[PDB]
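Visitor: For reference, the structure I am asking about is given below.
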2 protein chains.
Amino acid sequence: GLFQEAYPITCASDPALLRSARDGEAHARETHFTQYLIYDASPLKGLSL
Amino acid sequence: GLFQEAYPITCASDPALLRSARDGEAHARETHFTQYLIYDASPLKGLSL
């Protein structure tokens, strides 16, 4: 409410391309032909869940 | 004012190429067919910001 912001989380368009989330964003597949990923950017990044 | 110089920052032609510059210049893509990338050369390099 104070910042008027909203954090994205670990999400993509394929369960195929969701596989490269369990290694961090080092080699996370951002983009195949249309299939797009957005890594987690949040206070909740890197945490237990 | 003394050196008459100008430091280049991390900049590239493709957001394809920019993603590879994030984790260090060891395996960063310098260039492509006609695309090109400039790694950071600056007093600011290595820093948090």
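Numbering starts fresh at 1 for the residues of each chain in the structure tokens, the chains themselves are lettered A, B, ... in the order given, and ligands are numbered from 1 as they appear.
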Excluding same-chain residues fewer than 6 positions from residue B:18, what lies within 12 Å of it counting only C-alpha atoms, as a PDB file with N, CA, C and O atoms, in the first residue's frame?
Guide:
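File written: result-v8.pdb
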```pdb
ATOM      1  N   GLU A  30      15.374 -17.734 -20.027  1.00  0.00           N
ATOM      2  CA  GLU A  30      14.428 -16.630 -20.085  1.00  0.00           C
ATOM      3  C   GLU A  30      13.422 -16.819 -21.202  1.00  0.00           C
ATOM      4  O   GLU A  30      12.228 -16.556 -21.023  1.00  0.00           O
TER       5      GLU A  30
ATOM      6  N   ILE B   9      30.094   1.962 -19.775  1.00  0.00           N
ATOM      7  CA  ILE B   9      29.378   1.061 -18.885  1.00  0.00           C
ATOM      8  C   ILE B   9      29.000  -0.200 -19.634  1.00  0.00           C
ATOM      9  O   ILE B   9      29.209  -0.312 -20.845  1.00  0.00           O
ATOM     10  N   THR B  10      28.470  -1.163 -18.888  1.00  0.00           N
ATOM     11  CA  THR B  10      27.860  -2.339 -19.492  1.00  0.00           C
ATOM     12  C   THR B  10      26.693  -1.936 -20.372  1.00  0.00           C
ATOM     13  O   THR B  10      25.684  -1.428 -19.880  1.00  0.00           O
ATOM     14  N   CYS B  11      26.837  -2.144 -21.675  1.00  0.00           N
ATOM     15  CA  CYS B  11      25.762  -1.874 -22.613  1.00  0.00           C
ATOM     16  C   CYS B  11      25.892  -2.837 -23.777  1.00  0.00           C
ATOM     17  O   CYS B  11      26.992  -3.288 -24.106  1.00  0.00           O
ATOM     18  N   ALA B  12      24.760  -3.151 -24.399  1.00  0.00           N
ATOM     19  CA  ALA B  12      24.735  -4.141 -25.459  1.00  0.00           C
ATOM     20  C   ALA B  12      23.656  -3.804 -26.470  1.00  0.00           C
ATOM     21  O   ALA B  12      22.841  -2.904 -26.268  1.00  0.00           O
ATOM     22  N   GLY B  24      29.545 -11.970 -15.066  1.00  0.00           N
ATOM     23  CA  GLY B  24      30.973 -11.826 -15.252  1.00  0.00           C
ATOM     24  C   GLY B  24      31.381 -12.025 -16.700  1.00  0.00           C
ATOM     25  O   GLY B  24      30.727 -12.714 -17.483  1.00  0.00           O
ATOM     26  N   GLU B  25      32.516 -11.422 -17.035  1.00  0.00           N
ATOM     27  CA  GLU B  25      33.010 -11.377 -18.401  1.00  0.00           C
ATOM     28  C   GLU B  25      33.752 -12.638 -18.814  1.00  0.00           C
ATOM     29  O   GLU B  25      34.340 -12.660 -19.899  1.00  0.00           O
ATOM     30  N   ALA B  28      30.847 -14.176 -20.910  1.00  0.00           N
ATOM     31  CA  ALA B  28      29.932 -13.226 -21.526  1.00  0.00           C
ATOM     32  C   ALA B  28      30.182 -13.141 -23.024  1.00  0.00           C
ATOM     33  O   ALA B  28      31.323 -13.215 -23.485  1.00  0.00           O
ATOM     34  N   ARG B  29      29.106 -12.982 -23.777  1.00  0.00           N
ATOM     35  CA  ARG B  29      29.199 -12.861 -25.221  1.00  0.00           C
ATOM     36  C   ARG B  29      29.732 -11.476 -25.571  1.00  0.00           C
ATOM     37  O   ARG B  29      29.077 -10.469 -25.287  1.00  0.00           O
ATOM     38  N   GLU B  30      30.922 -11.423 -26.167  1.00  0.00           N
ATOM     39  CA  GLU B  30      31.451 -10.151 -26.639  1.00  0.00           C
ATOM     40  C   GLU B  30      30.663  -9.597 -27.816  1.00  0.00           C
ATOM     41  O   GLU B  30      30.377  -8.393 -27.844  1.00  0.00           O
ATOM     42  N   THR B  31      30.261 -10.453 -28.755  1.00  0.00           N
ATOM     43  CA  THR B  31      29.624 -10.011 -29.983  1.00  0.00           C
ATOM     44  C   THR B  31      28.853 -11.152 -30.627  1.00  0.00           C
ATOM     45  O   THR B  31      28.761 -12.250 -30.076  1.00  0.00           O
ATOM     46  N   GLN B  35      25.731  -8.054 -34.097  1.00  0.00           N
ATOM     47  CA  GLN B  35      25.425  -7.550 -32.780  1.00  0.00           C
ATOM     48  C   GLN B  35      26.713  -7.371 -32.003  1.00  0.00           C
ATOM     49  O   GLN B  35      27.759  -7.915 -32.365  1.00  0.00           O
ATOM     50  N   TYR B  36      26.640  -6.600 -30.930  1.00  0.00           N
ATOM     51  CA  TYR B  36      27.841  -6.225 -30.212  1.00  0.00           C
ATOM     52  C   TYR B  36      27.490  -5.887 -28.776  1.00  0.00           C
ATOM     53  O   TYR B  36      26.375  -5.464 -28.463  1.00  0.00           O
ATOM     54  N   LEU B  37      28.478  -6.053 -27.907  1.00  0.00           N
ATOM     55  CA  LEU B  37      28.328  -5.823 -26.483  1.00  0.00           C
ATOM     56  C   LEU B  37      29.564  -5.117 -25.957  1.00  0.00           C
ATOM     57  O   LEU B  37      30.687  -5.458 -26.335  1.00  0.00           O
ATOM     58  N   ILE B  38      29.353  -4.158 -25.066  1.00  0.00           N
ATOM     59  CA  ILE B  38      30.435  -3.442 -24.409  1.00  0.00           C
ATOM     60  C   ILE B  38      30.399  -3.797 -22.937  1.00  0.00           C
ATOM     61  O   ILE B  38      29.425  -3.490 -22.241  1.00  0.00           O
ATOM     62  N   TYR B  39      31.461  -4.436 -22.461  1.00  0.00           N
ATOM     63  CA  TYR B  39      31.575  -4.711 -21.046  1.00  0.00           C
ATOM     64  C   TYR B  39      31.982  -3.431 -20.328  1.00  0.00           C
ATOM     65  O   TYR B  39      32.451  -2.471 -20.937  1.00  0.00           O
ATOM     66  N   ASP B  40      31.788  -3.414 -19.020  1.00  0.00           N
ATOM     67  CA  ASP B  40      31.998  -2.222 -18.216  1.00  0.00           C
ATOM     68  C   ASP B  40      33.493  -1.964 -18.050  1.00  0.00           C
ATOM     69  O   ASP B  40      34.253  -2.880 -17.722  1.00  0.00           O
TER      70      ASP B  40
END
```
Visitor: Report the Cα RMSD between chain B and chain A after least-squares superposition, pairing every C-alpha atom in order.
Guide: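 That comparison of chain A with chain B gives 0.6 Å.
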Visitor: Measuring atom to atom with only C-alpha atoms, identify which of A:47, A:34, A:27, A:8 is nearest to chain B.
Guide: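 Distance minimum relative to chain B lands on A:27.
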Visitor: Would you give me, as a ChimeraX atom specification, the residues of chain B that come within 9 Å of chain A, using only C-alpha atoms?
Guide: /B:16,19,22-23
Visitor: Take the selection from the previous step and output its residues with C-alpha atoms, as a compact mmCIF listing (two decimals), in the first residue's frame.
Guide:
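Final file, selection.txt:
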```txt
# COMPACT_ATOMS: atom_id res chain seq x y z
CA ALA B 16 19.86 -11.61 -25.41
CA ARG B 19 21.73 -11.45 -19.91
CA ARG B 22 25.28 -10.35 -15.63
CA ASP B 23 27.52 -13.06 -14.21
```
Visitor: Measure the distance from atom CA of residue A:42 to atom CA of residue B:13 in Å and round it to one decimal.
Guide: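 Rounded to one decimal, the two atoms are 27.6 Å apart.
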Visitor: Using atom CA of residue B:20 and atom CA of residue A:6 as the two end points, give the distance in Å to one decimal.
Guide: 26.5 Å
Visitor: DSSP on the backbone, strand (DSSP E) only: what residues of stretch 2-49 of chain B does that give? Format it as an NGL selection string.
Guide: :B and (11-12 or 37-38)
Visitor: If you run DSSP over the backbone, which residues in chain B end up alpha helix (DSSP H)? Put them as a PyMOL selection string.
Guide: chain B and resi 15-19
